[PDB]
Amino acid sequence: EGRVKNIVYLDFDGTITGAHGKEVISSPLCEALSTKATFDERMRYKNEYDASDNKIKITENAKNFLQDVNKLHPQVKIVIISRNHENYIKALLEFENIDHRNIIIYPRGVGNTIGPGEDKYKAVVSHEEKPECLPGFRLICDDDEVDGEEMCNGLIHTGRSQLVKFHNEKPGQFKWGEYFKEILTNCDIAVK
């Protein structure tokens, strides 16, 4: 159909995982995975991931939420915005056997190049300005209130803020089942 009316914008670190981005970005595992650009290279780190502190993992309820929302594709789209590395995010999704083929990731840049996930306000504005994007339901989740407000401001700037649910919880405290119900009740065509 070529139309995207409903978008779920998710921070990664501390929102999908249990650990705030500050204590993860410089961790050995994150730095090692940063340059692993294929599934084969990333999967070598699965054993270390599974042995890691539970807090760095994608949470059980966030995994279930991503898989549930994936079933609503293409009527709902998932966008992950993050100043972490694209290969770290893809690695963790793959370690959890989460299909991310349809998830859009706006991540950190490489080296001195600035990536779209480093400016969450600009990332939301740019995504909303894509030709296929239409007004509709917006879900925004972020464990960092400042970061989450920047995504909210991107919606306001583009006139896309009239039906927004913004959730700012601490890591591990997000009510993903509640937000899935928010999606179903506010996306009528997605009811099918």
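Residue positions are given as counts along the sequence shown, with the first one as 1.
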| message | Highest mean C-alpha temperature factor of the two stretches 153-161 and 22-30, which is it? | response | 22-30
| message | Mean CA temperature factor from the deposited coordinates, higher in 5-13 or in 171-179? | response | 171-179
| query | In the PDB entry, which of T59, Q67, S52, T35 has its C-alpha at the highest B-factor? | reply | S52
| Considering only modelled residues of the same chain, in which third does the CA B-factor of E48 rank: lowest, middle or highest? | highest
| Relative to the other modelled residues in the chain, which third contains the C-alpha temperature factor of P107: lowest, middle or highest? | lowest
| note | For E118, the third of its chain by CA B-factor is the middle
| said: Where does the C-alpha B-factor of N87 rank in its chain, lowest, middle or highest third? | reply: lowest
| Chain third (lowest, middle, highest) by recorded CA B-factor, residue given as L134 | middle
